[PDB]
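Novice: pasting the first chains of the complex, positions unchanged:
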Amino acid sequence: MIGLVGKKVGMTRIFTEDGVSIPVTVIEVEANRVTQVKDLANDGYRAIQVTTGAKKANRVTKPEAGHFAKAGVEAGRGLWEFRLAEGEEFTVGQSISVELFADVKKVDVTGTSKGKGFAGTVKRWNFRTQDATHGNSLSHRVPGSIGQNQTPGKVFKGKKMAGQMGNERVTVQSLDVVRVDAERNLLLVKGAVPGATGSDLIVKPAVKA
């Protein structure tokens, strides 16, 4: 189904009536307003393109200003696109609210994970550290061997090595939605979602049923 673009506010804790702790993550979902609807006639597929929040007038460019001003809508912090399910039909300029999630029971949260920088193989791939002593020369946290001998005679593609970790799109699935409250524009989902505080999130209804 369609999703809602929110902001990660942080995490907190809801106490239940029977003395059980639920770890909740707070997502502030403002008015997600449609800027463009796409169909098989003009575009080849069915989708909507939403935006959220608000943005400075002097830094939004004139192609973006024309794209928002065709819909008569105020500019937002970004543009996202969601794929329709042929039961839903929407028009341009409709605000989609958090009250959509009142009966969804489980969500999938897609975010951009925290950037670890140039990580090593121990941190990135859960490799085993070698011996800290018993003779070991300059090779405590090194990857070890990366191949065989003269047969193949090369490193294979998809070898686990050092490099960039995080700062990447990841989706966490089947999170029990705890509380949907539109008076505060809030979604409270059980568990932890990717990204730092203040980062864009996409919230979809789940697919694993």
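Specialist: Great, that's in hand. Residues are numbered from 1 along each chain as shown, chains lettered A, B, ... in the order given.

Novice: Name the residues that touch the lengthiest strand in chain A?
Specialist: Among the segments of chain A that qualify as a strand by DSSP state E, the longest is strand A:4-15. Residues outside strand A:4-15 that contact it (CB atoms under 8 Å, 6 or more residues apart in numbering): A:21-30, A:32, A:50-53, A:78, A:80, A:96, A:98, A:100-101, A:111, A:178-179, A:186-188, A:192-193, A:195-203. Bear in mind the C-beta positions are built from the backbone N, C-alpha and C, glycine included.

Novice: And stretch A:202-209, by the same measure?
Specialist: Outside stretch A:202-209, the residues that reach it (CB under 8 Å, 6+ apart) are A:1-6, A:27, A:29, A:80, A:82, A:101, A:104, A:106-111, A:173-175, A:187, A:189.

Novice: on that earlier part again, quick one: name whatever helix or strand follows the longest strand of chain A.
Specialist: strand A:21-28 (DSSP states H and E).

Novice: Any buried residues in that next one, and which?
Specialist: Under the neighbour-count criterion of 16 or more other CB atoms under 10 Å, strand A:21-28 has A:22, A:24-28 buried.

Novice: and the helix or strand just after it, which strands flank it?
Specialist: Sequence order places strand A:32-38 as the next helix or strand after strand A:21-28, per DSSP H and E. Note on strand A:32-38: by DSSP bridges, its sheet partners are strand A:47-51 (antiparallel), strand A:95-96 (antiparallel).

Novice: next up, chain B:
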Amino acid sequence: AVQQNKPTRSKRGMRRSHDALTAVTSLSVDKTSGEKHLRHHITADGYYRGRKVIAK
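Specialist: Adding chain B to the chains above:
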């Protein structure tokens, strides 16, 4: 960790293809004295953004 064949001067010029210096070209003109200076820096006489600063 040593070479088996000497690299060419073609490959040497291809390695130095990114060693080039970006010239500045963005020198600002002070409004009071009309002196050329770096952007966001003081002048050789020592003005910055019109009003008088340090010395010398």
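
Novice: sorry, back to before: now do the longest strand of chain A against strand A:47-51, angle only.
Specialist: Relative orientation of strand A:4-15 and strand A:47-51, computed by axes from the mean of the first three to the mean of the last three CA atoms, to 10 degrees: 70 degrees.

Novice: And the strands in chain B?
Specialist: Using DSSP E, strands in chain B cover B:27-29, B:36-38, B:47-48, B:51-52.

Novice: Neighbouring strands - and their directions - for the last one?
Specialist: Sheet pairing for strand B:51-52, assigned by DSSP bridges, gives strand B:47-48 (antiparallel).

Novice: what's in contact with the strand it pairs with?
Specialist: Outside strand B:47-48, the residues within contact range by CB atoms under 8 Å, 6 or more residues apart in numbering or on different chains are B:30, B:32-33, B:35, B:41-42, B:53.

Novice: what residues are up against residue A:22?
Specialist: Contacts of residue A:22 by CB under 8 Å, 6+ apart are A:13-16, A:178, A:190.

Novice: Just the buried subset of those residues, please.
Specialist: Among these, those scoring as buried are A:178, A:190 (criterion: 16 or more other CB atoms under 10 Å in any protein chain shown).

Novice: So which elements touch the longest helix along chain A?
Specialist: For chain A, the helix with the greatest residue count under DSSP state H is helix A:62-70. If you count contacts as 3 or more CB pairs under 8 Å, 6 or more residues apart in numbering or on different chains; DSSP states H and E, helix A:62-70 packs onto strand A:32-38.

Novice: one more, chain C:
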Amino acid sequence: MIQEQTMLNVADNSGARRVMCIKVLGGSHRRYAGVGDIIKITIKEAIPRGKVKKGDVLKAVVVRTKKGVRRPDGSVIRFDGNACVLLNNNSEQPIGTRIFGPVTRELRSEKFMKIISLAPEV
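Specialist: Following on from the chains above, chain C is added here:
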């Protein structure tokens, strides 16, 4: 949080004083034994007229950890020692007839009713 070579205390009158955990049961590569968990023990110290003797390979159930337990609200219970109640290899509901010290609520699982009944606290 019990693993191999862990020296535990004994929390029944079966006879042994200090046991050693030689295997944590219930799975392949299983590292740690909590409080509902079955371990395989050997005996390292006993009493001279006890029911069990030194160097017997038998089972136990860990009833007090030093790492603790966790409750659903986020409240740990750290004891100041590791203690197991010694079981039998086939016929459970243990060898001992007393239990020294308290236990936790995680032994209320239809298979250790005698330990939670005989326990002085919890």
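
Novice: once more on the contacts of strand A:4-15, with chain C this time?
Specialist: For strand A:4-15, the surrounding residues in contact (CB under 8 Å, 6+ apart) are A:21-30, A:32, A:50-53, A:78, A:80, A:96, A:98, A:100-101, A:111, A:178-179, A:186-188, A:192-193, A:195-203, C:73-74.

Novice: Drop anything exposed from those.
Specialist: Buried among these by 16+ other CB under 10 Å: A:22, A:24-30, A:32, A:50-53, A:80, A:96, A:98, A:100-101, A:111, A:178, A:186-188, A:193, A:195, A:200-203.

Novice: got the buried residues for the longest strand of chain A?
Specialist: By 16+ other CB under 10 Å, the buried positions in strand A:4-15 come out as A:4-8.

Novice: how far does it sit from the chain's center?
Specialist: Centroid displacement of strand A:4-15 relative to its chain, using CA atoms, centre = their mean, to the nearest Å, is 13 Å.

Novice: What's the local residue count around the residue in chain B positioned nearest to chain A?
Specialist: Per CB to the nearest CB, the residue of chain B with the smallest distance to chain A is residue B:1, at 15.0 Å. For residue B:1, the count of nearby residues is 2 (other CB atoms under 10 Å in any protein chain shown).

Novice: who's in contact with it?
Specialist: Per CB under 8 Å, 6+ apart, neighbours of residue B:1: none.

Novice: So residue A:81 lies in a helix, does it not?
Specialist: No - using DSSP: H, G, I helix; E, B strand; the rest coil, the assignment for residue A:81 is strand, not a helix.

Novice: bridging residues for it?
Specialist: Here residue A:81, judged by DSSP bridges, has bridge partners residue A:49.
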